[PDB]
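[1] Fold the following for me, if possible:
(7 chains, ligands or ions: 14)
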Amino acid sequence: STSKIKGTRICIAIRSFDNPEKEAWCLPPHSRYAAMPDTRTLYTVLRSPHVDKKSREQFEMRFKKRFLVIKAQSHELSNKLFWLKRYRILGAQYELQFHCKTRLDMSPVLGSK
Amino acid sequence: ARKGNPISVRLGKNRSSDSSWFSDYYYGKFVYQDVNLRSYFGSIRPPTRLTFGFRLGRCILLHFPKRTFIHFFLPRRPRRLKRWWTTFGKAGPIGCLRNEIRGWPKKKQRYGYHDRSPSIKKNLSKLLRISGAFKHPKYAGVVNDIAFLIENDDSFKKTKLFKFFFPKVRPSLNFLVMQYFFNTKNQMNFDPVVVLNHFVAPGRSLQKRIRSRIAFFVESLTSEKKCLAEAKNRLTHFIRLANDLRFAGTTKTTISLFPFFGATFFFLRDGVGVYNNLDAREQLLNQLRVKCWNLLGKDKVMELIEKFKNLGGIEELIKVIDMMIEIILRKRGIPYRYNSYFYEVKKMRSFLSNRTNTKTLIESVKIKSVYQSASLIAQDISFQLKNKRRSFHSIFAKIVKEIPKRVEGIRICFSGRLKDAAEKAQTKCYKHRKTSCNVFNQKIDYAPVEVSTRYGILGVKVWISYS
Amino acid sequence: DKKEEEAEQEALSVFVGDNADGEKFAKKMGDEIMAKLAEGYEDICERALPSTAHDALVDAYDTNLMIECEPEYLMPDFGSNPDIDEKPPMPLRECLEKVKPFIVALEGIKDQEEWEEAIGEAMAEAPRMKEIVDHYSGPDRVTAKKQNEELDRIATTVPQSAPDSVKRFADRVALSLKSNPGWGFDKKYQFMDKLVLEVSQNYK
Amino acid sequence: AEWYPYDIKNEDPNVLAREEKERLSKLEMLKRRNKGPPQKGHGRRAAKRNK
Amino acid sequence: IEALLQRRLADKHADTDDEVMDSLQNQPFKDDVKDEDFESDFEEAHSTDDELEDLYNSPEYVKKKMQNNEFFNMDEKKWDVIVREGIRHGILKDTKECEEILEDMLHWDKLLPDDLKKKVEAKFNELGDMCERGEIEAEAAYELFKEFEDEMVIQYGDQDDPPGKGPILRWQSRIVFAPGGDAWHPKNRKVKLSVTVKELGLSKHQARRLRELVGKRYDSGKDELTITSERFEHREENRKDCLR
Amino acid sequence: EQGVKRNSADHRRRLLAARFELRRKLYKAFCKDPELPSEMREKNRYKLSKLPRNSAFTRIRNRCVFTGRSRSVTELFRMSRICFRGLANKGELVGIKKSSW
RNA sequence: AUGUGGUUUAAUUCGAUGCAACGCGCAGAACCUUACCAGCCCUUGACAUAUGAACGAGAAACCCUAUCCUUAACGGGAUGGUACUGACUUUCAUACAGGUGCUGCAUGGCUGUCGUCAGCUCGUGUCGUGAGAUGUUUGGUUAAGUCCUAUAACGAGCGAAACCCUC
Ligand SMILES: [K+]
Ligand SMILES: [K+]
Ligand SMILES: [Mg+2]
Ligand SMILES: [Mg+2]
Ligand SMILES: [Mg+2]
Ligand SMILES: [Mg+2]
Ligand SMILES: [Mg+2]
Ligand SMILES: [Mg+2]
Ligand SMILES: [Mg+2]
Ligand SMILES: [Mg+2]
Ligand SMILES: [Mg+2]
Ligand SMILES: [Mg+2]
Ligand SMILES: [Mg+2]
Ligand SMILES: [Mg+2]
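    Numbers count the residues shown, from 1 in each chain, chains lettered A, B, ... in the order given. Ligands and ions are numbered 1, 2, ... in the order given. Coordinates below:
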């Protein structure tokens, strides 16, 4: 199926200046792949160290983001976290999102029902 | 609206930057660190008259979480070709001598370099030499059969284990104590049973199974203390010990399981370098022994035989020879055949790692000629003009004559007071073959440099095209 | 090639001195305390003489400890709930005993003597690992329950002779400092201490 | 307080030695032609006022 | 060595020799390297490259050198393969008995039948009764009787959501892996927990009072009560705050 | 301490303000509750006014770290426009490339 | 509203001056910035390196969750407490440190303009005593020495176009 993975899982958010698809080998294995919009920031500077007001040069800074989905059951999350702590992705910073489920203890509040 | 830098137009495509990282909260630290490190590295070991010097062409910096990698590129020395045992002055002029709840947190920094910090490598070395020394006979058997396997079996070579382990205190309680201290210092509840999944690889004895279940039940339901009549029962309650020693056997194999030292060997793989001095180590191993064996005993055997006749405490002579071996290594100064280049590189990595709190690495590459980057060519021209020997036409002619092939054109501009008699500064430009900067799929490199002179500042610009 | 070999020989002989004393020692006492002294020399040689492989394995160990022992990467068991009541931690000697049969079945340990020797080497190696984790992890954490208890206590350390408005002001300042993650705890209790000191300067 | 960072050239003692050698060399090339700084408290206006 | 041997014998200046060791091990020396010695070892330490032809594509060269490293990035599947092959070649030990004993340590109250639990409990009660008197040689004979009746009991014996039961929580937590050796990031300390209101089984008036007490942390289309904590400096502290 | 002569006074001001940050917030906290006694408000206003004026955060000016220019300083890069353009043309500052559209 | 000249003032900081200066340097002047003026201060100095003396085997400077008094304010005088110092701290002396002082008509680097106008040259060959010329002198087309044809010239290089980004 192509429906959304909802449950126990890992989500990796990778932010970079370059495209991560240029070096695809350093990415972790994953179930799903998607991309976010690029974000640009504009700078306009004077060219001269003195009065040349109408001459400008325009630079930009561009941010790129990618989203990875990993399906994982409850027993192997602590196994995968050890390796996920030690990765080396080229020119990137990654974000580890953890989705897990526990249960509620009702004993100290069941008196109030 | 004037002529601009060639690199800025083709920075994205057809070229790549010298650094690779990303941050948003820590951008201002890295954008300063790049500029500061590249400004520092270019002023190290300048060429004298009798030295070729350190000529850095491109410095490549890669940033990873807590690990930073630096790659240097240097040209080979152009030259036409054809002791340690006694040294002095390389040593010491003096042997020295004549809030319980109200604690403080970890201090942070965001924008610059950390403060100067004492190191921990002495304690790490002390832990590693007297812990896990792998001289145990329980570890002696496994290296024997791995030596049998490597020299005779090709299926061991064609196997991923060889390709990782050899790219051409027992450890379990150590990790348990590590995990206990790391959990109790940050005040998270430490259950040691769930730690045991680290010592687990998921990829007949049912009587023992039920006996273990009931032997865990008998230790769960008990321990209601303050009773001596049942403390006698606790004394005869050593069926927990039966459950302990039920699973025992003779083991022939060591452990390469539990991925915590697998990661240590994984880090050892990628940071070995290219240099080792085991030959110079083993040359001194058997010679310092015969030096220290014949040094003592020079009509001064009376103190040694007094030490022998005192008691069986001879092992303080081991501390005596510790002091003497420290004295003899300190007097000469610097290791025996350790390369000075790797000495300076290691000394460089040490202060970089301490100031930034990472584990930085330095990898060097030697290339064939100085004509492989505009920065190298401009540095060469500036060093040639620093002592006046040649004219500008002669320098350009020599560069054109000994330029290597695969360079599709060159151009050099000199500006300043070129002629000594005249005061009005002019510009001289020399060109050769194709230097069309307006084609964006060409490979054009550019570099400036400034020369101090008697009459001010001279300037040199270099454009070079590649095929 | 005569010059370098003659130079190393003249340096080596003047390093080694005169070879009477080593043979005199070989004759004097015997070979067994020489074997003991040779093992002592062997354990020196892994400290005194530098080894590139030793320093590289120390660096790889340093990298592994730097990644592993970081307080910002901690994630506990994924099938558990928090310990709200904050039970005190069981001691290390008792923690090593309820783990016994797994590591006995795993690591080796042929009998109780081998077990106790392993426990001895672990317990004697333990105190310097506290210094290791002191260098890596940091000082401590101090839980927010105790932080709020201390902040409430210094709010109750006001003098009695002050008006009730000052006491309400102190309790409200402690309440608004209670939920501030952008302040250091040292700065928080410094702020409360200085407020109490300034009021006590005029309400003796 | 962290706005002005630390310069990593300050830890290597070779480069500061070469910089101080260049400062001294410039000072000596000024001193060899009697264009160096005067004595403190003995400036030109002080000597003219004493004259 | 004569002088320090004599002072080892005297044992009066024993406070000095340890500081001799500290000074000789710690205090720096004149570690200068002349530039000819700096350059002469470099070319015998490194060999000339043969494939560059220019330094224009230096980053791509370094990145390809790192791409060729097969063990650049490593994961648990790779460790599982290299732990299967070492078991196959006989250098490594199978861990089947270790997971068998770990399952016993984790879950013994679920697999042990209660009809056996009550009879072994009665056996412990009678043996603790007979141990207090001490007339049965309870140090060893009681343990022997325990082993005999335990063998008798073993002869009688030998013939997706989370575990357990209750309302189910859902957690969310973030770790930022920043480069450069400075680890603290502001996104570290935020924890969210989600719960379904109807699983608590509250009455209608109790649910209305909950909704009034909550406000907009309740989402009606999903019956989702979500509590987020950022007010504490550490991730576990925010988790505990969410549960409280 | 940092090397650039023209940034020395502003660096001194930054250190002096980071020293006195705690007392300034404390007296500003006392002066903002009107239910508090008038004499205590007056005393805290006096002690806040007696603080060193160079320790005030409004005297701190952003200057360029490589040069010391007092105008047109981008806070993200901490460099002035001239240093920023010179380093961006070469290809040094990461991320920033030319821009067209 | 804002900039400039002029005028006045203790000071009204300086630069930019036809096109190509004048909402320009200034993408932020209440104090700071600030370069200008008036008072109150300091002199190896707010900061660096070296040498030579003096003090100190733990004192002094230094610092603080500091306190009080006095100054328009910087500062100055007391009172507390912690911690450190021997290839190391401080104090004094002299080499000096320092300068938004002048010269853009001594310079590097950076920029405006002629000008996105289509131009500016070189190597061999030929003509001319020579400076020089031809190539780049025909007939057309093009935004364009862009392309064809013709031509004692044959070929190159920097420019044009395309390669680049975006819709
Ligand atoms: K010609
Ligand atoms: K055109
Ligand atoms: Mg200046
Ligand atoms: Mg401001
Ligand atoms: Mg003017
Ligand atoms: Mg102009
Ligand atoms: Mg002023
Ligand atoms: Mg003003
Ligand atoms: Mg001035
Ligand atoms: Mg000019
Ligand atoms: Mg002018
Ligand atoms: Mg023309
Ligand atoms: Mg012509
Ligand atoms: Mg053309």
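
[2] Apart from its neighbours in sequence, what residue is nearest the residue in chain A that chain B sits nearest to?
    Here chain A gets closest to chain B at one residue, residue A:91, 3.9 Å apart by C-beta to the nearest C-beta. Every C-beta, even on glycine, is put in place using the N, C-alpha and C of the backbone. Nearest residue to residue A:91, sequence neighbours excluded (C-beta to C-beta, 6 or more residues apart in numbering or on different chains): residue B:20, at 3.9 Å.

[3] go on, residue B:246?
    Distances taken as C-beta to C-beta, 6+ apart place residue B:208 nearest to residue B:246, at 5.9 Å, with adjacent residues excluded.

[4] Likewise for residue E:35?
    Closest to residue E:35 by C-beta to C-beta, 6+ apart is residue B:51, at 4.3 Å.

[5] Helix or strand: which one has the one you found?
    Using DSSP states H and E, residue B:51 sits within no helix or strand.

[6] pretty sure it contacts residue E:40?
    No - Residue B:51 is beyond contact range of residue E:40, at 9.7 Å (criterion: C-beta atoms under 8 Å).

[7] Could you report the separation of residue C:120 from residue E:5?
    33 Å (C-beta to C-beta, to the nearest Å).

[8] Compare those two (neighbour count), which wins?
    Neighbours were counted for residue C:120 and for residue E:5 using other C-beta atoms under 10 Å in any protein chain shown; residue E:5 has more, 20 against 10.

[9] now that one, what's its secondary structure?
    Three-state assignment for residue E:5 (DSSP: H, G, I helix; E, B strand; the rest coil): helix.

[10] show me the contacts for it.
    Contacts of residue E:5 were listed using C-beta atoms under 8 Å, 6 or more residues apart in numbering or on different chains, and they are B:303, B:304, B:307, B:320.

[11] got a list of what whichever residue of chain D sits closest to chain B touches?
    Proximity of chain D to chain B (C-beta to the nearest C-beta) peaks at residue D:5, 3.5 Å away. Going by C-beta under 8 Å, 6+ apart, residue D:5 touches B:32, B:36, B:111, B:112, B:113, F:2, F:65.

[12] The first one touches residue F:76, doesn't it?
    To tie it back to what came earlier, the one meant is residue B:32. No - contact criterion C-beta under 8 Å: residue B:32 and residue F:76 do not qualify, at 11.1 Å.

[13] ok, residue B:353 - how many residues close by?
    18.

[14] I figured it was touching residue B:359, is that so?
    Yes - assessed by C-beta under 8 Å, residue B:353 is found in contact with residue B:359 at 5.7 Å.

[15] ok, back up a step: what helix or strand is the residue of chain D closest to chain B located in?
    Following DSSP H and E, there is no helix or strand that holds residue D:5.

[16] give me phi/psi at it?
    Per-residue torsions, residue D:5: phi -80, psi -170 (degrees, to the nearest 10).

[17] Tell me the spacing between it and residue B:314.
    Relative to residue B:314, residue D:5 is positioned 57 Å away (criterion: C-beta to C-beta).

[18] Also residue B:90?
    34 Å.

[19] Repeat that for residue B:158.
    Separation of residue B:158 from residue B:314 (C-beta to C-beta): 53 Å.
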